[PDB]
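Asker: The file below is target.txt, compact mmCIF, N, CA and C atoms:
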```txt
# COMPACT_ATOMS: atom_id res chain seq x y z
N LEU M 1 -9.61 7.32 -15.45
CA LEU M 1 -10.61 8.30 -16.00
C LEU M 1 -10.47 8.55 -17.50
N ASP M 2 -11.38 7.98 -18.27
CA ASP M 2 -11.55 8.40 -19.64
C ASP M 2 -12.28 9.77 -19.69
N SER M 3 -12.58 10.22 -20.90
CA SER M 3 -13.27 11.48 -21.09
C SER M 3 -14.73 11.38 -20.63
N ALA M 4 -15.31 10.18 -20.77
CA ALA M 4 -16.74 9.94 -20.51
C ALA M 4 -17.06 9.91 -19.03
N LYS M 5 -16.23 9.21 -18.25
CA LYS M 5 -16.41 9.19 -16.81
C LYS M 5 -16.19 10.58 -16.24
N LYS M 6 -15.06 11.20 -16.53
CA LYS M 6 -14.89 12.63 -16.21
C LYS M 6 -16.18 13.41 -16.42
N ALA M 7 -16.86 13.13 -17.51
CA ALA M 7 -18.06 13.90 -17.90
C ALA M 7 -19.31 13.47 -17.12
N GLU M 8 -19.37 12.20 -16.71
CA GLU M 8 -20.44 11.70 -15.85
C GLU M 8 -20.36 12.35 -14.46
N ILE M 9 -19.17 12.34 -13.85
CA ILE M 9 -18.91 13.04 -12.56
C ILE M 9 -19.39 14.50 -12.56
N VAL M 10 -19.00 15.24 -13.57
CA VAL M 10 -19.48 16.62 -13.75
C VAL M 10 -21.01 16.69 -13.75
N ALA M 11 -21.68 15.84 -14.52
CA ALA M 11 -23.15 15.93 -14.66
C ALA M 11 -23.85 15.63 -13.35
N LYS M 12 -23.24 14.71 -12.60
CA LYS M 12 -23.69 14.35 -11.28
C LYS M 12 -23.49 15.50 -10.32
N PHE M 13 -22.25 15.95 -10.15
CA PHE M 13 -21.95 16.91 -9.06
C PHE M 13 -22.25 18.35 -9.38
N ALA M 14 -22.91 18.57 -10.51
CA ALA M 14 -23.35 19.90 -10.89
C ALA M 14 -24.56 20.33 -10.06
N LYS M 15 -24.73 21.65 -9.88
CA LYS M 15 -25.89 22.27 -9.15
C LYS M 15 -26.74 23.23 -10.03
N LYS M 16 -26.33 23.40 -11.29
CA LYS M 16 -26.99 24.30 -12.24
C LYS M 16 -26.37 23.98 -13.61
N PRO M 17 -27.07 24.33 -14.72
CA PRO M 17 -26.46 24.32 -16.07
C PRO M 17 -25.18 25.18 -16.24
N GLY M 18 -24.08 24.55 -16.65
CA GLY M 18 -22.81 25.24 -16.89
C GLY M 18 -21.78 25.03 -15.80
N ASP M 19 -22.18 24.31 -14.74
CA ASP M 19 -21.30 23.98 -13.61
C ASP M 19 -20.32 22.90 -14.04
N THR M 20 -19.24 23.35 -14.65
CA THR M 20 -18.07 22.50 -14.88
C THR M 20 -17.08 22.69 -13.71
N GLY M 21 -17.36 23.64 -12.80
CA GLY M 21 -16.38 24.09 -11.78
C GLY M 21 -16.81 24.55 -10.37
N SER M 22 -17.89 23.98 -9.82
CA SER M 22 -18.19 24.14 -8.39
C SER M 22 -17.18 23.39 -7.51
N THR M 23 -17.11 23.81 -6.27
CA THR M 23 -16.30 23.13 -5.28
C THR M 23 -16.60 21.63 -5.26
N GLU M 24 -17.86 21.25 -5.46
CA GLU M 24 -18.28 19.82 -5.40
C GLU M 24 -17.77 19.00 -6.57
N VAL M 25 -17.90 19.59 -7.75
CA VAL M 25 -17.40 18.98 -8.98
C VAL M 25 -15.89 18.74 -8.83
N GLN M 26 -15.14 19.80 -8.54
CA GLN M 26 -13.68 19.65 -8.41
C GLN M 26 -13.30 18.58 -7.41
N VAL M 27 -13.97 18.59 -6.27
CA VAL M 27 -13.65 17.61 -5.26
C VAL M 27 -13.92 16.21 -5.83
N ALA M 28 -15.08 16.02 -6.46
CA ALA M 28 -15.40 14.72 -7.07
C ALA M 28 -14.37 14.33 -8.11
N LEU M 29 -13.94 15.30 -8.90
CA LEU M 29 -12.91 15.01 -9.91
C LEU M 29 -11.59 14.68 -9.29
N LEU M 30 -11.22 15.36 -8.22
CA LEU M 30 -9.90 15.11 -7.67
C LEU M 30 -9.96 13.73 -7.07
N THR M 31 -11.10 13.39 -6.50
CA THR M 31 -11.25 12.08 -5.87
C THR M 31 -11.08 10.93 -6.85
N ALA M 32 -11.75 11.00 -7.99
CA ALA M 32 -11.51 10.03 -9.08
C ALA M 32 -10.03 9.94 -9.48
N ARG M 33 -9.38 11.09 -9.66
CA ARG M 33 -7.95 11.10 -10.05
C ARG M 33 -7.08 10.53 -8.96
N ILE M 34 -7.23 11.05 -7.75
CA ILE M 34 -6.49 10.54 -6.61
C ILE M 34 -6.75 9.03 -6.44
N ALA M 35 -7.98 8.57 -6.60
CA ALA M 35 -8.28 7.13 -6.51
C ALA M 35 -7.52 6.26 -7.52
N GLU M 36 -7.52 6.67 -8.79
CA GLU M 36 -6.84 5.91 -9.84
C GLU M 36 -5.32 5.90 -9.61
N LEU M 37 -4.72 7.03 -9.24
CA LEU M 37 -3.28 7.05 -8.87
C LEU M 37 -2.93 6.18 -7.68
N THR M 38 -3.86 6.09 -6.75
CA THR M 38 -3.63 5.40 -5.50
C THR M 38 -3.73 3.88 -5.71
N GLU M 39 -4.69 3.45 -6.51
CA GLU M 39 -4.76 2.04 -6.85
C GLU M 39 -3.57 1.63 -7.71
N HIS M 40 -2.92 2.59 -8.37
CA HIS M 40 -1.70 2.26 -9.09
C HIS M 40 -0.67 1.80 -8.08
N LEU M 41 -0.43 2.64 -7.09
CA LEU M 41 0.61 2.38 -6.12
C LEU M 41 0.30 1.12 -5.33
N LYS M 42 -0.98 0.91 -5.05
CA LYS M 42 -1.42 -0.25 -4.27
C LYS M 42 -1.08 -1.54 -5.01
N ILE M 43 -1.41 -1.57 -6.29
CA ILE M 43 -1.26 -2.77 -7.09
C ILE M 43 0.18 -2.98 -7.48
N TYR M 44 0.98 -1.92 -7.51
CA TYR M 44 2.42 -2.08 -7.77
C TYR M 44 3.14 -2.78 -6.65
N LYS M 45 2.92 -2.27 -5.44
CA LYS M 45 3.41 -2.87 -4.21
C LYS M 45 2.97 -4.33 -4.11
N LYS M 46 1.67 -4.59 -4.28
CA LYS M 46 1.13 -5.96 -4.31
C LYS M 46 1.91 -6.90 -5.25
N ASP M 47 2.18 -6.45 -6.47
CA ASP M 47 2.79 -7.29 -7.50
C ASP M 47 4.29 -7.08 -7.60
N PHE M 48 4.88 -6.28 -6.72
CA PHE M 48 6.33 -6.24 -6.58
C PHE M 48 6.73 -7.09 -5.39
N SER M 49 6.00 -6.94 -4.28
CA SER M 49 6.18 -7.79 -3.10
C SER M 49 5.95 -9.28 -3.42
N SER M 50 5.00 -9.56 -4.32
CA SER M 50 4.73 -10.93 -4.76
C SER M 50 5.79 -11.43 -5.76
N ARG M 51 5.99 -10.70 -6.85
CA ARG M 51 6.92 -11.12 -7.91
C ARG M 51 8.36 -11.30 -7.41
N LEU M 52 8.79 -10.50 -6.43
CA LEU M 52 10.18 -10.55 -5.94
C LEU M 52 10.33 -11.18 -4.54
N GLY M 53 9.22 -11.71 -4.03
CA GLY M 53 9.21 -12.55 -2.84
C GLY M 53 9.43 -11.85 -1.51
N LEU M 54 9.04 -10.59 -1.40
CA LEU M 54 9.20 -9.87 -0.14
C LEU M 54 8.42 -10.55 1.01
N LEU M 55 7.19 -10.99 0.76
CA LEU M 55 6.40 -11.69 1.79
C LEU M 55 6.95 -13.07 2.12
N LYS M 56 7.55 -13.71 1.12
CA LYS M 56 8.30 -14.96 1.33
C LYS M 56 9.41 -14.69 2.36
N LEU M 57 10.32 -13.78 2.01
CA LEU M 57 11.43 -13.42 2.84
C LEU M 57 11.01 -13.02 4.24
N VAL M 58 10.05 -12.12 4.35
CA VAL M 58 9.62 -11.68 5.66
C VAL M 58 9.10 -12.84 6.52
N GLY M 59 8.32 -13.74 5.92
CA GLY M 59 7.79 -14.91 6.63
C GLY M 59 8.89 -15.89 6.99
N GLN M 60 9.88 -15.98 6.13
CA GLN M 60 11.06 -16.78 6.43
C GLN M 60 11.72 -16.26 7.69
N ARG M 61 11.87 -14.95 7.82
CA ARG M 61 12.66 -14.45 8.92
C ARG M 61 11.82 -14.56 10.15
N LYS M 62 10.54 -14.30 10.00
CA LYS M 62 9.60 -14.51 11.09
C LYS M 62 9.93 -15.87 11.72
N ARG M 63 9.91 -16.94 10.94
CA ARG M 63 9.99 -18.27 11.53
C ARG M 63 11.33 -18.53 12.17
N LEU M 64 12.37 -17.91 11.62
CA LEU M 64 13.72 -18.15 12.12
C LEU M 64 13.91 -17.40 13.41
N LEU M 65 13.43 -16.15 13.46
CA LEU M 65 13.48 -15.35 14.69
C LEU M 65 12.72 -16.03 15.82
N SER M 66 11.60 -16.67 15.45
CA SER M 66 10.76 -17.39 16.40
C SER M 66 11.48 -18.59 16.94
N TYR M 67 12.13 -19.32 16.06
CA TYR M 67 12.86 -20.47 16.51
C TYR M 67 14.11 -20.01 17.28
N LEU M 68 14.62 -18.83 16.99
CA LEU M 68 15.80 -18.32 17.71
C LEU M 68 15.48 -17.87 19.14
N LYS M 69 14.42 -17.07 19.31
CA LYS M 69 13.83 -16.83 20.65
C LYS M 69 13.90 -18.07 21.54
N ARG M 70 13.45 -19.17 20.94
CA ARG M 70 13.08 -20.39 21.63
C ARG M 70 14.29 -21.24 21.89
N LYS M 71 15.13 -21.38 20.88
CA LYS M 71 16.36 -22.13 21.02
C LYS M 71 17.43 -21.33 21.82
N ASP M 72 17.60 -20.02 21.54
CA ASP M 72 18.58 -19.17 22.28
C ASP M 72 18.15 -17.72 22.43
N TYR M 73 17.43 -17.44 23.51
CA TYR M 73 16.83 -16.16 23.64
C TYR M 73 17.85 -15.02 23.77
N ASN M 74 18.98 -15.30 24.40
CA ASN M 74 19.97 -14.28 24.63
C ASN M 74 20.46 -13.75 23.26
N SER M 75 21.00 -14.67 22.47
CA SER M 75 21.45 -14.38 21.13
C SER M 75 20.37 -13.72 20.29
N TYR M 76 19.16 -14.24 20.42
CA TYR M 76 18.02 -13.67 19.76
C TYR M 76 17.83 -12.20 20.08
N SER M 77 17.83 -11.86 21.35
CA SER M 77 17.70 -10.46 21.76
C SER M 77 18.92 -9.59 21.37
N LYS M 78 20.10 -10.17 21.38
CA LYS M 78 21.30 -9.49 20.89
C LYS M 78 21.18 -9.20 19.38
N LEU M 79 20.66 -10.18 18.65
CA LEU M 79 20.54 -10.08 17.20
C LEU M 79 19.54 -9.02 16.76
N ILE M 80 18.37 -8.94 17.39
CA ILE M 80 17.36 -7.97 16.92
C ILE M 80 17.74 -6.52 17.29
N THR M 81 18.63 -6.41 18.27
CA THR M 81 19.27 -5.15 18.65
C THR M 81 20.26 -4.69 17.58
N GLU M 82 21.19 -5.57 17.21
CA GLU M 82 22.19 -5.28 16.15
C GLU M 82 21.58 -5.01 14.77
N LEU M 83 20.38 -5.51 14.52
CA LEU M 83 19.69 -5.27 13.26
C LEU M 83 18.61 -4.21 13.34
N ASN M 84 18.45 -3.58 14.50
CA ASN M 84 17.45 -2.52 14.66
C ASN M 84 16.11 -3.04 14.19
N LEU M 85 15.70 -4.16 14.78
CA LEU M 85 14.42 -4.77 14.46
C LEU M 85 13.45 -4.52 15.60
```
Starting from the file, give its structure as structure tokens.
Answerer:
Amino acid sequence: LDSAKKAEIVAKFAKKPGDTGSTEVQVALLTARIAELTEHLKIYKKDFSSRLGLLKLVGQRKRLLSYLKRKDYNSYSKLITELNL
């Protein structure tokens, strides 16, 4: 939110001249703010999980656990118990 968008939201959600502060305006403003903060967290996770290989690792373990089920199910079930998986 720059100053201009903030000001567009107000002009939109207003119900009379001077409405910088109806329930509707505030809600619209909080929504814009909450949205921008939320896409921050979304894109951080996206580019931390990617940059540091979390999805790589998880998919790696997926395949190994799958092959472990299949090659030795007993050990497999013992293992996911000991790791709280």
Asker: List every protein, DNA or RNA residue that has at least one atom no more than 12 Å from (-15.0, 8.3, -15.1) in the file's coordinates, counting only C-alpha atoms, and write the result as a PyMOL selection string.
Answerer: chain M and resi 1-12+28-33+35-36
Asker: Mind giving me the straight-line distance from atom CA of residue 64 of chain M to atom CA of residue 76 of chain M in Å, one decimal?
Answerer: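 Atom CA of residue 64 of chain M sits 9.8 Å away from atom CA of residue 76 of chain M.
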Asker: Please provide as a PyMOL selection string all residues within 10 Å of residue 13 of chain M, with the sequence filter that same-chain residues fewer than 5 positions apart are discarded (counting only C-alpha atoms).
Answerer: chain M and resi 8+19-29
Asker: Atom N of residue 66 of chain M and atom N of residue 80 of chain M, how far apart in Å?
Answerer: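 So the two atoms, atom N of residue 80 of chain M and atom N of residue 66 of chain M, lie 10.5 Å apart.
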Asker: Which residues in chain M does DSSP call helix (DSSP H, G or I)? List them as a VMD selection string.
Answerer: chain M and resid 3 to 13 23 to 49 54 to 71 73 to 82
Asker: What's the separation between atom CA of residue 57 of chain M and atom CA of residue 85 of chain M, in Å to one decimal place?
Answerer: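 About the pair atom CA of residue 57 of chain M and atom CA of residue 85 of chain M: they are 14.8 Å apart.
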Asker: To test the calculation: enclose all listed atoms of segment 55-62 of chain M in a box whose edges run along x, y and z, add 4 Å on each side, then state centre and edge lengths in Å to one decimal, as AutoDock Vina command-line options.
Answerer:
```
--center_x 9.5 --center_y -13.9 --center_z 6.2 --size_x 14.3 --size_y 13.8 --size_z 19.0
```
